[PDB]
Amino acid sequence: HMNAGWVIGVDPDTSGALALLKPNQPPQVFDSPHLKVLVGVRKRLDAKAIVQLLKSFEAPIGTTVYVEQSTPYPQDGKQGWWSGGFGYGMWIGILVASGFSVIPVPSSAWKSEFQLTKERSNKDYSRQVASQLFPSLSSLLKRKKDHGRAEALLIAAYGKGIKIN
Amino acid sequence: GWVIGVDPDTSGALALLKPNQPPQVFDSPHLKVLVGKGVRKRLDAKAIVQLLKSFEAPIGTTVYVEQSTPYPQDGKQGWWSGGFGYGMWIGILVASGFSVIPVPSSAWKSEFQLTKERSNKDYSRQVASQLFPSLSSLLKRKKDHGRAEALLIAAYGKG
DNA sequence: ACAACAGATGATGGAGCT
DNA sequence: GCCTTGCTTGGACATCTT
DNA sequence: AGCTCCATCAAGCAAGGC
DNA sequence: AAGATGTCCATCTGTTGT
Ligand SMILES: [Mg+2]
Ligand SMILES: [Mg+2]
């Protein structure tokens with residue numbers, strides 16, 4: 001049956017974001033909190049700020065959350081393979097440990113519902129798509145670096161349409 | 001008062017040191033996921049959460065987690081699994097209210113001496129079964145490296 | 001400083017010394 | 001079956017096409 | 001702060017041995 | 001049931017441009 005609860009979508013990359021769709025209320029989008037961690041320095045997801053961001057929502061138990069399940073290319077550096085596994089594994093861990101119902105979503109699935117093929121590609125037009133589905137947040141999607149916000153929104157609007165049990 | 005040590009890899013362990021109760025080690029629960037062709041073993045986050053909750057440890061108990069630092073020669077997939085296990089344990093632990101402290105693999109050497117010569121083929125399992133003779137039974141097979149590693153991280157944290 | 005862009009795809013931690 | 005050893009170090013996923 | 005060394009794994013998948 | 005085919009990302013580091 002059709003999901004009437006709260007729907008969250010997560011772009012788990014280190015410049016990713018989380019979108020929160022409540023029924024009958026305006027959509028919201030949040031950039032993922034990060035840290036300067038010395039390794040010199042790079043960005044890691046901030047688990048502590050994430051959990052307190054999730055705590056702030058005060059969502060019901062078992063609220064469904066759709067997490068993009070992404071898969072680096074053979075030519076991407078091993079460091080990026082590591083970071084990829086880290087953000088994904090941290091997001092699942094926090095969400096599962098926080099009582100959310102977690103659904104991984106292949107990148108192809110949500111891009112499929114919104115007709116983001118080679119022509120009119122997701123990188124060049126996903127922000128625009130998110131804008132016209134959620135006009136109230138189009139101010140936060142006016143920049144290239146906001147690609148993450150847009151994906152989180154479209155992952156959420158994808159999962160919203162998935163019938164549940 | 002309580003000390004937990006965690007080896008975060010796909011066949012790692014978690015060790016739990018209580019005051020006035022014997023020490024304990026647990027294998028990390030895993031499920032089987034289907035990636036590409038064949039199946040991969042991943043940490044089961046649902047089961048880990050249940051495990052921690054069963055401990056009934058004080059709020060904000062300190063958990064030492066071994067840092068994942070793979071070699072250049074290692075495959076990309078193993079870099080990814082490394083980051084995954086590490087980030088998942090960190091996620092679960094922080095969200096469950098524990099206090100996480102990352103520990104490098106070499107950190108326990110400073111307290112208990114280890115060297116490239118006379119390398120740990122089975123050396124780790126010996127140091128842990130010395131320090132925790134209660135559990136010498138569950139350390140007698142090579143597969144039990146991860147349990148020894150969890151214990152030894154725990155003993156570093158405690159010390 | 002913040003952003004957009006271009007290009008390759010990459011170890012890391014630590015102790016001793018300058 | 002499970003345990004150990006030896007070896008490289010690695011795409012995943014959906015869609016056509018036999 | 002720099003900069004020399006130098007030590008630290010693991011995943012994943014075939015075979016054998018039991 | 002397979003097998004070949006197609007089509008998807010991103011990190012991390014400098015460099016340029018607001
Ligand atoms: Mg992504
Ligand atoms: Mg280890």
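Lettering of chains follows the sequences in order, A, B, ..., and the numbering in each one begins at 1. The analysis underlying the following values was restricted to heavy atoms, covering all of them including side chains, and did not include hydrogens, waters or symmetry mates.
Pucker check on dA1(F): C1'-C2'-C3'-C4' negative, sugar south.
Among the heavy atoms of the strands lying under 4.0 Å from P106(A) are primed sugar atoms or P, OP1, OP2 only; no base atom is included. Residue contacts shown for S68(B) are absent, as no nucleic acid heavy atom lies under 4.0 Å away. At a threshold of 4.0 angstrom between heavy atoms, the contacts of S121(A) with the nucleic acid are absent. Base engagement by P70(B) is indicated by at least one non-hydrogen atom pair under 4.0 Å involving a base atom. Within the 4.0 angstrom heavy-atom criterion, no nucleotide atom of any strand lies near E66(B).
With P as the reference atom, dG10(D) and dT9(C) are 14 Å apart, rounded to whole Å. Comparing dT12(C) with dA10(E), their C1' atoms are spaced 14 Å from each other, to the whole Å. A distance of about 23 Å separates the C1' atoms of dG17(E) and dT8(D), rounded to the whole Å. Here, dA11(E) and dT4(D) have their P atoms 16 Å apart, quoted to the whole Å. With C1' as the reference atom, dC6(E) and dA10(F) are 33 Å apart, rounded to whole Å. For the P atoms, the distance from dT5(D) to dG14(C) is 31 Å, rounded to whole Å. Taking the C1' atoms as reference points, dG14(F) lies 16 Å from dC2(C), given to the whole Å. Taking atom P in both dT13(F) and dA11(C), one finds a spacing of 12 Å when rounded to whole Å.
Base stacking between strand neighbours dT5(D) and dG6(D) is present, with six-membered ring centres closer than 5.5 Å and ring planes inclined by less than 30 degrees. In this strand, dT4(E) sits stacked on its neighbour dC5(E); the base ring centres are under 5.5 angstrom apart and the planes under 30 degrees. Taking ring-centre separation below 5.5 Å and interplanar angle below 30 degrees as the test, the adjacent bases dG7(C) and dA8(C) pass. For the consecutive nucleotides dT12(C) and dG13(C), the six-membered rings of the bases sit within the stacking limits of 5.5 Å between centres and 30° between planes.
For the pair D9(B) and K109(B), nearest-nucleotide mapping onto DNA chain E gives the more 5' position to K109(B). Nearer the 5' end of DNA chain F, as judged by each residue's closest nucleotide, is the contact made by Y73(A), out of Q79(A) and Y73(A).
Within the 4.0 Å cut-off from OP1 or OP2 of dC8(F), not a single side-chain nitrogen or oxygen of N122(A) is found. Taking only side-chain nitrogens and oxygens, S83(A) comes nearer than 4.0 Å to OP1 or OP2 of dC12(F). The side chain of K118(A) places no N or O atom within less than 4.0 Å of a non-bridging phosphate oxygen (OP1 or OP2) of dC8(F). Between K76(B) and the phosphate of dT9(D), there is no side-chain N or O to OP1/OP2 separation shorter than 4.0 Å. Taking only side-chain nitrogens and oxygens, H145(B) never comes nearer than 4.0 Å to OP1 or OP2 of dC9(E). The side chain of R40(B) places an N or O atom within less than 4.0 Å of a non-bridging phosphate oxygen (OP1 or OP2) of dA12(D).
Atom pair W82(A):CH2 and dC12(F):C1' shows a separation of 14 Å (rounding to whole Å applied). Atom-to-atom, CZ of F112(B) to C1' of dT8(E) comes out at 18 Å; the value is rounded to the nearest Å. Rounded to a whole Å, the CG atom of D31(A) is 14 Å from the P atom of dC2(C). At whole-Å resolution of the value, CG in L38(A) and P in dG13(C) are 9 Å apart. Following rounding to the nearest Å, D7(B) (CG) and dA10(E) (P) show an atom-to-atom distance of 7 Å. Following rounding to the nearest Å, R143(A) (CZ) and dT18(F) (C1') show an atom-to-atom distance of 14 Å. Atom CZ of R42(B) is separated from atom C1' of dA11(E) by 12 Å (rounded to the nearest Å).
Between the side chains of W82(A) and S68(B), at least one donor N or O lies within less than 3.5 Å of an accepting N or O.
Taking only side-chain atoms of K143(B), from C-beta outward, the nucleotide of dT4(D), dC9(E), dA11(E) with the closest atom is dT4(D). The side chain of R42(A) has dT13(F) as its nearest neighbour among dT13(F), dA11(C), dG10(D). Side-chain proximity of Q75(A) to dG11(D), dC9(F), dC13(D): nearest is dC9(F). Ranking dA14(D), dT11(F), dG13(C) by closeness to the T14(A) side chain, first place goes to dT11(F).
For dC9(F), its base sits under 3.5 Å from the side chain of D76(A) at one donor and acceptor pair at least.
Taking all atoms of both residues into account, the shortest heavy-atom contact from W2(B) to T62(B) is O-OG1, 3.6 Å. The minimum heavy-atom distance linking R127(A) with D146(A) is given by the pair CD-C, 3.8 Å. The nearest pair of heavy atoms linking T10(B) to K41(B) is CG2-O, 3.4 Å.
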Worksheet entry | Test ring pair (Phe, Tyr, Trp, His ring centres under 6.0 Å) applied to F55(B) and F26(B), step by step | CA-CA 11 Å; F55(B) 293 169; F26(B) 305 92; 5.3 Å; yes
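When both pairing distances are held under 3.5 Å, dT18(D) makes a Watson-Crick or G-U pair with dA1(F). In a base pair of the Watson-Crick type (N1 to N3 plus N6-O4 or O6-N4) or a G-U wobble (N1-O2 and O6-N3), with each distance short of 3.5 Å, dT9(D) is matched with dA10(E).
Although no hydrogens or angles enter the test, the distance criterion places no donor-acceptor pair under 3.5 Å between the side chain of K22(A) and the main chain of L20(A).
Of the residues listed (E151(A), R143(A), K145(A)), the one engaging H147(A) in a side-chain hydrogen bond (donor to acceptor under 3.5 Å, both in side chains) is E151(A), and it is the only one. If you run side-chain contact (heavy atoms from CB on, under 4.5 Å) between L95(A) and each of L54(A), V51(A), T63(A), only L54(A) comes through.
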